[PDB]
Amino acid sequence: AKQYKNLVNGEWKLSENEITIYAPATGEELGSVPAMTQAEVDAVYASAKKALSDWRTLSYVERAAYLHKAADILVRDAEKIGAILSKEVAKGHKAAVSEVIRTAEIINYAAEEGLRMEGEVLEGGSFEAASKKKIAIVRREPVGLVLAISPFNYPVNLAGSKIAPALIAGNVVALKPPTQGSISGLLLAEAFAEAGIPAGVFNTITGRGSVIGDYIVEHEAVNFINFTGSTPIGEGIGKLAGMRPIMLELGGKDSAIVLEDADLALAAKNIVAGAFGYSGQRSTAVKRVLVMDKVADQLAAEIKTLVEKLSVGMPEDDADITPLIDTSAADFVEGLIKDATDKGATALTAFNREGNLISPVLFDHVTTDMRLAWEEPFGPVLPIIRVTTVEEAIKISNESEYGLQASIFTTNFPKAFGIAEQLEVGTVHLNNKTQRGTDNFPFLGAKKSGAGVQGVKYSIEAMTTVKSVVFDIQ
C-alpha cells in the first residue's frame, strides 16, 4: 500500500489531502490517491495547453513511437498492474491482467491507425464551373485538450481507449479516473511517463466528484470530454459541455431476441456469458431476454443450467461472480430483485447475498410492470421476458431508454438483418452475445446510451477537426 501521485507536467505530485482506497471484496487497504483542488486542476490544464504547441507539431511517426513504447511497458507490467486492478475493482485476477493486455493492443492499434491520417483535396469544379481552378486542401488537426474520464469497470482499458486515439492525433490529455479505480489509472499513467511522453502532453487528475466533478468538465480549457460511466452522470456532463464535442458511453439494457428457429444451446451459452460476465457490471451485456413463447420454457431451462455452474466467490480465485463494486450497488440490485419477486416473477435461481456478493439470479416470466424489465442493474440478475411475435419483441426492445447493442438468435439471417434495421441500437450481433469488440469495430449507442462513435478509428476521427486551406491554381 503506497501513497500514489498524479502525473502533472512531467512530475509526480501529491496533494495536501488524499483518498484511501480499499479492495471491495476484502476491505484491504490498497493505498491513497490525491484529493486535488480546483486550483490544482487549473494547473494541470495550464500545463497541458502549454505543451500542446510542441506536441501537435511533432510528426505522426514520433507520436506513434511514444504510444508503442508505453504499450510495451504495459505488457511488461501486465501482471503487476493486473494484480492491483483485480483488488481495486473486485475483478477476477486473470480477467484484470487480460484487461491490461487488451489496453496495450488498443494503444498499439491506435498509434498505427492514427499515424496514417489522411486529408482530402476537393475540386471547386465539382460544384460550379467558375470555380474549377479553386481547390481545398483539407487536413486533420487535433481538437486540443481532451479530458478522458474512465469508468470503474474498465479503469485501464477504457482509459487507454480514450488516451491513445487522442494522443496520436496531436491532442494533449488529462485523465480523470474514477476514485475506485484511480490507483489503476495512475499505474497506467506510469507506463506513459516511463515511455518518455513529453511533460504536460499527458496528465492525470484525481479527487472526489464533489470538489472537482463538475469543475473539471466546465473548465473552458477543455476542448473535448470523453466519458464512460453512468447515464445520470453522463447526462449532467452533456449540459456542462455546451458547444464542445463530447463522447459519452452510458448505460445499456441490451436485448437478446431469441426466435423460434434459434439454436437454443448456442443462445443459452452466449446469453449467460454476456449477462453475467463481471457480475453483470458492464454496459454492453445481455440484460433482458426477449424470447418467443414457443421456445421459452426450454431456453430458460438451458440458461438456468449454465447459471448454476457459475462460480461465486472472490476476485483472487477468478470467480465468475465477484462482489459488486460497493454496498449501494448491491442494495440497488437487491431492490430490483425484490420488486420482480413481489410482482410474481419466477426465480429460477435463488437470491443470496453475503456482504456485497450476490449470487446470480435468473428470473422467468418477467413483465413490463417490473423495474427489472427496464432499469440497468449493474449486477448479476437477468430477466426473461416472453413475447408472442417478433413485432412485440422489437417494440419492447425499442421501448427502452437505452439502445447500446442487441443480439438476435435465429437461423434466418435475411430476416435477422431486417429485424436489425428496426432495432434502435448501435450494434446488432447475430447468433452471438453483445460486445464492443473487436476494438476496431464501431461502438456506439442510441438514446440515453450516450453520444459519439467509439472504436479506434472512430475515436481518432471524433477527437480531430479539419483545417481547410483554399487557393486558386493559376
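We call the rigid core whatever largest set of C-alpha positions still superposes within 1.5 Å between the two forms. Numbering starts at 1 and runs along the sequence shown.
Of the two stretches examined, 210-218 and 349-357, the one with higher mean CA deviation in 5 other deposited structures of this protein after a rigid core fit is 210-218.
Two stretches are in play, 137-145 and 201-209, and the higher mean C-alpha B-factor belongs to 201-209. Taking the PDB entry as given, 346-354 carries the higher mean Cα B factor of the two stretches 108-116 and 346-354. You'll see in the entry that, of 261, 218, 399, 326, the Cα B factor peaks at 218. Remark: of 150, 230, 171, 103, 230 shows the highest value [criterion: C-alpha B-factor in the PDB entry]. Remark: residue 410 belongs to the lowest third of its chain, ranked by C-alpha B-factor as recorded. Among the modelled residues of its chain, residue 466 has a C-alpha B-factor that falls in the lowest third according to the deposited record.
Split the chain's modelled residues into thirds by C-alpha temperature factor. Residue 124 is in the middle one. Remark: residue 276 belongs to the middle third of its chain, ranked by C-alpha B-factor as recorded. In the PDB entry, residue 157 places in the lowest third of its chain by CA B-factor.
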